[PDB]
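Q: I am attaching a structure below and will ask some questions about it afterwards.
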């Protein structure tokens, strides 16, 4: 455990950053996707119709 | 201004006969009816238009060309029009002829005869013209600015209707529309010019005393791309307040502030709804720059008005919306709508008071209420590839 400690004095800290990081991305991703889906809904609902004058 | 007040005397059936005597020797006697394409239920989508075609082709009393002949002999001009909410049949004629200008109108609203023979021809007329009505690009743009803005409602459907219904229509259907939407309480007999109100009331009592007694705006976009056309027509609108809403006047002043190419501005009003916006025709390459220009302007009023410009706008409105001695026809027309929409004729002094109470602060307040961060309806026709899609116009609706 100690030799591990020296090799990475920030094992704990890195892991605290990874926790908060997960949470942050956990809130940003869903939201960003939603927006990705607001600004892309317009097209994803676009209905095309071909009306040759005939 | 010594405005000739509009004396309006009502009748038993409810014809609400109205009048505004004027020195002009000729007069315009019309019948308005609160019946348009908004009252049609997609099975009779062209009934008002096709009845408007059939209404001058003879009534029992005037079989064949009699109607047109007499109204021709008397020397009067016979006109009719139909909108999405109102139908009008009016005659411009020498005042002395009121006696017949009124009896003729009575036949046109009741006792009308829809000869099936004629019905056939009018069908062809309407259909063929429609086949060419496509030439009126502007009307096309404005009948989609209606379709895409009022999707799923009776306000999307056009006055003319789809060719389908036109072909598939019969006397009985027409008879229904006639017998259903031609009620006496929904009718105004309006007269403007050299008419006496008591004589017109007596004529309405003698004739015409027999007449029987959730619209939603959807922010959307329709794009008809056809690259062979030389010019592109684009209309962008938001939801107009309505006909009765007071803020309409502060919006008219805003339109008077705005006034690429053919950049007109419109405030079309229906019963508690409407379309407020701009229609412009430009070469394709400039459509986007126009749009950008236009959106900036609306925004200018919303946050940066100027008393000076407001004044410019109040004055143009003032010289406008006069409908006074502008002529018998226009005046009568205004009365015709005023009794159908407001239920009363608003005098020009009240219009001047509502204009002079408008300042810059309430103009930018009302413009922020109706233009800022609103989802518009866009209708384009022509080479409209450089016309921006909905997110860019969406984002240009705010700063």
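Counting starts with 1 at the first residue shown.
If you check the header, you will see the structure was determined by electron microscopy, 3.6 Å.
Cβ from N, Cα, C; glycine included.
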Q: Which one of B:96, B:100, B:314, B:369 shows up in Swiss-Prot with the note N6-acetyllysine?
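A: In Swiss-Prot, B:96 carries the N6-acetyllysine label; others show none in the record.
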Q: Quickly, which of B:57, B:121, B:183 does Swiss-Prot have down as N6-succinyllysine? Just give the residue.
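A: That would be B:121, per the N6-succinyllysine annotation in Swiss-Prot.
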Q: Pick from B:43, B:206: which one does Swiss-Prot list as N6-acetyllysine?
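A: Swiss-Prot records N6-acetyllysine at B:206.
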Q: For the feature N6-acetyllysine in Swiss-Prot, which residue out of B:69, B:92 does the record point to?
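A: B:69, according to Swiss-Prot.
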Q: Compile a sequence-ordered list of residues in the same chain as residue B:121 (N6-succinyllysine), six or more apart from it, whose Cβ lies below 8 A from its Cβ; state 'none' when nothing qualifies.
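A: Spatial neighbours, sequence-distant, of residue B:121 (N6-succinyllysine): none.
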Q: According to DSSP, which of helix, strand or coil covers residue B:170 (phosphoserine)?
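A: The residue in question, residue B:170 (phosphoserine), is coil (DSSP, three-state).
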Q: Of B:96, B:170, B:172, B:206, which is closest to residue B:69 (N6-acetyllysine) if I measure between C-alpha atoms? They're all modified residues.
A: B:96
Q: So among B:96, B:170, B:172, all listed as modified residues, which is physically nearest to residue B:206 (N6-acetyllysine)? Use the C-alpha atoms.
A: B:96
